[PDB]
Amino acid sequence: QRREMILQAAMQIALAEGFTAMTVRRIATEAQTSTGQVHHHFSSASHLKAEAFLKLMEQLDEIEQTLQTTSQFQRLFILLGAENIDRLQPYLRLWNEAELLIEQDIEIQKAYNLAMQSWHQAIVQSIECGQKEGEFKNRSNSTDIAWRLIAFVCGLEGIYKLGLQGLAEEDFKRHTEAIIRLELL
Amino acid sequence: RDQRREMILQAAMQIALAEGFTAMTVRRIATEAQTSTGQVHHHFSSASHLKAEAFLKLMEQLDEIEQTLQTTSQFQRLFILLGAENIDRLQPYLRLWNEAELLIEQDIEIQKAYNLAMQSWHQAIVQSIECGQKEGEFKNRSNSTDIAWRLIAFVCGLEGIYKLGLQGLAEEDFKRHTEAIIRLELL
């Protein structure tokens with residue numbers, strides 16, 4: 001299909017050069033079609049940016065369910081983006097890129113909340129699976145654990161941006177580890 | 001030292017709490033301090049320099065207000081120290097803290113004062129944690145420094161998720177989620 005071929009075409013340029021490099025001329029050249037055909041398929045320049053982002057976070061989610069995880073503790077560590085595995089930094093960079101564009105773009109803002117809700121229910125599925133298999137304790141509401149876990153990993157990342165003195169950036173995995181043990185172990 | 005320099009500072013803090021940083025022009029501050037524009041420039045290198053200096057004083061003053069709040073348990077003091085208690089008197093100081101967070105990228109003066117206030121915030125939470133441990137109220141699971149950084153990172157992250165307008169996010173659980181994290185860490 002012509003459309004999905006241009007949908008893909010927006011993904012690798014998004015996954016590599018970023019959002020600002022995703023113009024109709026850039027993706028029509030990379031898809032090797034007329035620019036005219038790109039305006040035909042997609043309703044707007046922003047609509048394509050959001051739909052390339054949403055379908056790419058779904059891609060991130062899809063491979064994220066095909067990892068060799070020893071324990072459910074490991075799977076949840078990856079699910080929080082705290083492991084920073086080798087072939088996932090592109091997708092995580094685009095997620096962080098979309099975090100700043102939600103103020104200026106209404107399409108990107110829509111898809112960001114969409115990916116955030118899917119990220120939450122993916123962690124909710126992680127808490128309930130571990131509890132049903134004996135790996136995790138049942139201390140509190142699974143939904144509430146997931147929101148506090150998301151708030152902590154997003155909050156720890158923000159405190160790292162400030163260049164604070166005394167804090168170590170090598171302790172991100174350690175602090176995330178300790179909070180998970182207190183919540184589920 | 002200079003009573004004239006302190007007079008302009010008190011005017012800048014007065015404008016900062018009421019309206020915010022954008023209304024803190026030295027034209028408006030000089031009028032508030034009943035002086036000339038040239039006098040403000042004599043004591044402060046810029047409106048941004050005077051903005052960061054007045055911000056540090058307001059956060060030092062907010063600190064002093066939280067400590068005059070008659071509290072009993074140290075676990076209760078940790079609540080107002082994290083800003084989750086929702087106090088009417090303390091709303092303008094917390095409003096300016098969030099306002100200063102958005103100016104750290106475009107203002108190097110305010111950015112310096114923001115990290116200083118955050119380091120003083122981490123100091124007080126460390127102090128309150130170690131005080132509750134000496135009284136046997138809190139447990140010694142981990143060091144006070146790590147728990148204080150984790151507590152600051154949680155409240156900052158929880159308020160950020162609320163800004164997203166996410167569906168099913170409950171703003172009124174800020175008190176509940178903060179009460180939880182404190183219990184897992186120290187209680």
Side-chain angles (χ1 to χ4, degrees), chain A residues 80 82 98-100 102-103 106 108-121 123-124 139-141 143-172 174-185, chain B residues 82 84 98 100-102 104-105 108 110-123 126 139 141-171 173-174 176-187:
Chain A
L80 289 156
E99 227 203 314
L100 308 177
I102 57 134
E103 265 95 49
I106 219 67
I108 296 208
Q109 189 259 27
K110 257 30 184 154
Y112 180 81
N113 279 16
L114 255 285
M116 226 62 165
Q117 282 277 0
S118 266
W119 187 32
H120 166 251
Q121 58 186 50
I123 289 168
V124 153
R139 279 182 226 265
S140 188
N141 196 335
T143 275
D144 293 26
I145 318 275
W147 281 134
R148 294 196 299 261
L149 284 204
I150 277 155
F152 180 78
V153 306
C154 271
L156 201 55
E157 251 136 30
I159 314 271
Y160 274 142
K161 283 177 197 320
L162 312 145
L164 239 2
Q165 189 36 299
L167 218 168
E169 291 74 59
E170 314 256 53
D171 279 344
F172 181 94
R174 181 170 87 75
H175 285 293
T176 317
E177 226 169 64
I179 276 292
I180 290 178
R181 277 154 182 289
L182 261 42
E183 278 280 24
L184 297 155
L185 292 204
Chain B
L82 297 178
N98 295 319
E101 207 201 23
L102 321 191
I104 61 109
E105 39 195 88
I108 218 104
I110 289 191
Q111 198 253 332
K112 274 191 226 303
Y114 185 87
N115 279 16
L116 254 50
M118 269 266 176
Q119 267 148 259
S120 244
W121 192 25
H122 177 260
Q123 248 191 24
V126 151
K139 307 322 197 143
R141 254 154 260 200
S142 202
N143 9 353
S144 43
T145 279
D146 297 12
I147 307 186
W149 279 127
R150 270 181 237 132
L151 286 188
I152 269 163
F154 177 80
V155 288
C156 276
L158 193 37
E159 211 93 55
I161 304 296
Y162 285 139
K163 278 149 158 52
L164 272 39
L166 268 181
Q167 186 205 333
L169 253 302
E171 231 283 352
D173 305 353
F174 192 68
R176 186 157 74 67
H177 290 297
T178 324
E179 202 214 283
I181 298 293
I182 299 167
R183 286 179 187 293
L184 293 310
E185 281 277 356
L186 307 139
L187 227 37

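Lettering follows sequence order; numbering is per chain, from 1.
Contacts between B:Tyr114 and chain A at a heavy-atom distance below 4.5 Å involve the side chain alone, from C-beta outward. Heavy-atom distances place the side chain of B:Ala180, and not its backbone, under 4.5 Å from chain A. When heavy atoms are compared at a cutoff of 4.5 Å, A:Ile159 approaches chain B solely by way of its side chain, counted from C-beta outward. Contact annotation for B:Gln111: only side-chain heavy atoms (C-beta onward) come within less than 4.5 Å of a heavy atom of chain A. For B:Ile152, the parts sitting under 4.5 Å from any heavy atom of chain A are the backbone and the side chain alike.
B:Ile108 CD1: 12 or fewer foreign heavy atoms inside a 6.0 Å radius.
Here NE2 of A:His120 is found 8.0 Å from CG of B:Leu169. Values are rounded to the nearest 0.5 Å. Atom CD in B:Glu185 sits 5.5 Å away from atom CG in A:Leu182 (nearest 0.5 Å).
In terms of heavy-atom pairs under 4.5 Å with chain A, the best-connected choice from B:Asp173, B:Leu158, B:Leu164 is B:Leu164.
The two atoms that bring B:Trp149 and A:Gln165 nearest to each other are CZ2-O, 4.1 Å, heavy atoms only.
Residues A:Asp144 and B:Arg176 have side chains in contact (heavy-atom distance under 4.5 Å, counting atoms from C-beta outward).
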